[PDB]
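>>> Experimental structure and sequence below.
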Amino acid sequence: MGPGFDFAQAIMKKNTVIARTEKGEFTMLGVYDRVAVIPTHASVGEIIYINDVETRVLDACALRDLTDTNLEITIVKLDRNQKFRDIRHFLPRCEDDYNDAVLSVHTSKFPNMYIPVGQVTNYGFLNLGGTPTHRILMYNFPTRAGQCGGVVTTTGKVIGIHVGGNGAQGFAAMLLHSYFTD
């Protein structure tokens, strides 16, 4: 409907796949080469389904900060025959607050879904499902089951992936450029 939704759509149309684990279907963001991200609670194993095709997992790393606190991001390298468009130049370098963000989801349950969530707070610490978690972004939208892995964007930036909600607020794990240096 406007330039926020434009940037979000450009990311969804080229840089997402539908990932299925034993714990559900998730929006999955492809970042560069065969490297993607997914919430750690997806419990990625040795094999994952990517757009309903059986795919070997070459590597999976559940990220934690240097205090050994959960960040809820798993970086996955996929045994796929095709690379993602490199979007690392759209990743923020530092922790920050944002205005006017969009949360975008694409699954069998919620295809082509876009939500204007408004202001995004650098919330920091969250007890997420009982697990102490750092680098959380918060938005005041009543997000639901099915939105985990959803991509959070502003114009020109891919800032996080949706990881939870409390019925009134939604929470995303930050994406930082430093996670994907090689």
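Looks like it came in fine. Residues are numbered from 1 along each chain as shown.

>>> Tell me what the residue nearest to the spatial centre of the chain is bridged to.
When C-alpha atoms, centre = their mean is applied to the chain, the residue found nearest the centroid is residue 161 (2.5 Å). Beta-bridge pairing of residue 161 under DSSP bridges involves residue 151, residue 173.

>>> Tell me how far it lies from residue 71.
Residue 161 sits 11 Å away from residue 71, going by C-beta to C-beta, to the nearest Å. (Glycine included, C-beta is placed from N, CA and C.)

>>> Then residue 15?
For residue 15, the distance to residue 71 equals 20 Å [C-beta to C-beta].

>>> Could you name every residue contacting both of residue 161 and residue 71?
Shared contacts of residue 161 and residue 71, defined by C-beta atoms under 8 Å, 6 or more residues apart in numbering, comprise residue 173.

>>> So residue 58 sits against residue 78, correct?
Yes: counting by C-beta atoms under 8 Å, residue 58 does reach residue 78; the two are 6.9 Å apart.

>>> top strand in this structure by residue count?
Secondary structure of the chain per DSSP state E: the longest strand is strand 113-128.

>>> where along the chain do the strands fall?
Using DSSP E, the strands found in the chain span residues 16-21, 24-32, 35-39, 47-50, 53-64, 70-78, 98-105, 113-128, 131-139, 151-154, 157-165, 170-174.

>>> strand partners of the third one, parallel vs antiparallel please.
What that stands for is strand 35-39. Short version: by DSSP bridges, strand 35-39 pairs with strand 24-32 (antiparallel), strand 70-78 (antiparallel).

>>> what does the fifth one give?
Within its sheet, strand 53-64 is paired with strand 47-50 (antiparallel), strand 70-78 (antiparallel), according to DSSP bridges.

>>> what's the most buried one of those strands?
Across the strands paired with strand 53-64, averaging neighbours per residue (mean count of other C-beta atoms under 10 Å) puts strand 70-78 on top, at a mean of 21.

>>> Show me how the record splits this structure into domains.
Here the domain assignment for the chain is 1-15+85-182, 16-84, based on curated CATH domains.

>>> I'd like the distance from the last one to the chain centre, please.
Just to be clear, that refers to domain 16-84. Distance of domain 16-84 from the chain centroid (C-alpha atoms, centre = their mean, to the nearest Å) equals 10 Å.

>>> Sweet, I'm off.
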